[PDB]
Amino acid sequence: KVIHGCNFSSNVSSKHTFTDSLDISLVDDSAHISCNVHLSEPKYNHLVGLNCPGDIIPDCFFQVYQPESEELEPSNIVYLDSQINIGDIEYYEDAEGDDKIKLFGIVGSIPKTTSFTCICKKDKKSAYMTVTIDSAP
């Protein structure tokens, strides 16, 4: 099964395959680069996640970071269960050396289109995954 999300690590002998990748080791020091993932189906049976070679912020995916406001307004750390509003989310974690894989599994429809973010840091480098999951038309 493919993971809809971002691989920020530089490793190829992994057991997890990601739809997207952004090698954080190649981002400039003090930079904050996005990796954007968009899911759009009437019903899901999907794995969503990231592979981070350093610190993950917040405690993804049980907690996630709200999307960016268009107004000058804060984005808070929230529980994913209440953010996407489905009660049977499955959470998974794995580690391959210094790489940390955090995933969640979603089955069925989502009541409303939602977005959220997870941040990955490695030394002075940082990258963040933004996810959007659409509700049925």
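Sequential numbering from 1, following the sequence displayed.
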query: Mean temperature factor over C-alpha atoms, higher-scoring stretch between 50 to 58 and 82 to 90; finding: 82 to 90
query: 119 to 127 or 12 to 20, whichever carries the higher mean Cα B-factor; finding: 12 to 20
query: Top Cα B factor in the deposited entry, candidates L103, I77, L39, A31; finding: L39
query: Lowest, middle or highest third - CA B-factor, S109; finding: highest
query: Third of chain Cα B-factors occupied by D98; finding: highest
query: Chain-wide C-alpha B factor ranking for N45, given as lowest, middle or highest third; finding: highest
